[PDB]
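Here is the structure we will look at, set down as structure tokens.
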Amino acid sequence: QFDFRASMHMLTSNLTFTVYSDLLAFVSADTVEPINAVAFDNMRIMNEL
Amino acid sequence: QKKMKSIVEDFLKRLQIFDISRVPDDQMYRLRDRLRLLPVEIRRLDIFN
């Protein structure tokens, strides 16, 4: 049998939010000039210039 | 940031007996390395000083 007391509930959620998928779209990424690119040892990748 | 190949290229061109089109860049940079070890001529060195 349907019982109103047993069926009435309060459903709770958030009022609103925005879900994002591409996090790296929020990063502004630039690179140095390749002439000045250095390696792990802090010296230029190509030194013969 | 200065690639010195041009210098060496000009150098070879002024010897008038080589065809620089036949000279690879590695050879020109080896010439650069050998030239880099020589002292500068006295007049040129004093002008640069």
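So basically every Cβ, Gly included, is an ideal-geometry build from the backbone, and we count neighbours across all protein chains shown. Since every read-out is calculated from the coordinates, none of them should be taken as a lab result.
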* Structure fact -> Using alpha carbon centers only, chain B is separated from the stretch A:32-49 by a whole-angstrom value of 23 Å
* **Table column - 3J(HN,Hα) (Hz), the stretch B:40-45, Karplus curve with 6.51, -1.76, 1.60, x for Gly and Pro** => 7, 5, 4, 5, 4, 5
* Any chance you could list the semi-axes, whole Å, largest first, of the equivalent ellipsoid that the Cα gyration tensor gives for chain A, using √(5λ)? => 63, 11, 7
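Using R₀ = 30 Å, calculate the FRET efficiency as 1/(1 + (r/R₀)^6) where r is the Cβ-Cβ separation of residue A:42 and residue B:4; round to 0.05. It would help to have the intermediate numbers written out before the result.
On the way: r = 23 Å, r/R0 = 0.75.
In this case the efficiency is close to 0.85.
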* To do: For residue A:12 paired with residue A:26, estimate the spin-label separation in nm (one decimal), with each label point 7 Å from Cα along the Cα-to-Cβ line.
  => 2.6 nm
* Assign unit charges at the C-beta atoms only (+1 for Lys and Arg, -1 for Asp and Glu), then state the dipole size of chain B relative to its Cα centre in Debye, rounded to the nearest 20. => 60 debye
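Hey, what number do you get for chain B at 222 nm if only DSSP H runs of n ≥ 4 count, each worth -39500 (n - 2.57), divided across all residues, to the nearest 500? Could you put the intermediate results ahead of the total?
Working: 3 runs with 30 residues, N = 49.
After summing the helix terms and dividing by the residues of chain B, the value is -18000 deg cm²/dmol.
What's the magnitude of the charge dipole for the protein assembly as shown around its Cα centre, counting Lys and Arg as +1 and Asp and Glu as -1 at the beta-carbon? Answer in Debye, nearest 20.
Numbers: 14 positive and 14 negative charges, 117 e Å.
In debye, rounded to 20, the protein assembly as shown gives about 560.
Loop only per DSSP, at most 11 neighbouring Cβ atoms within 10 Å: give me the chymotrypsin sites (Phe, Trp or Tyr not before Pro) in chain A, ordered by residue number. Please report the intermediate quantities before stating the final value.
Numbers: sites: A:2, A:4, A:17, A:20, A:26, A:40; in loops: A:2, A:17, A:20, A:40.
Those satisfying the criteria are A:2, A:17, A:20, A:40.
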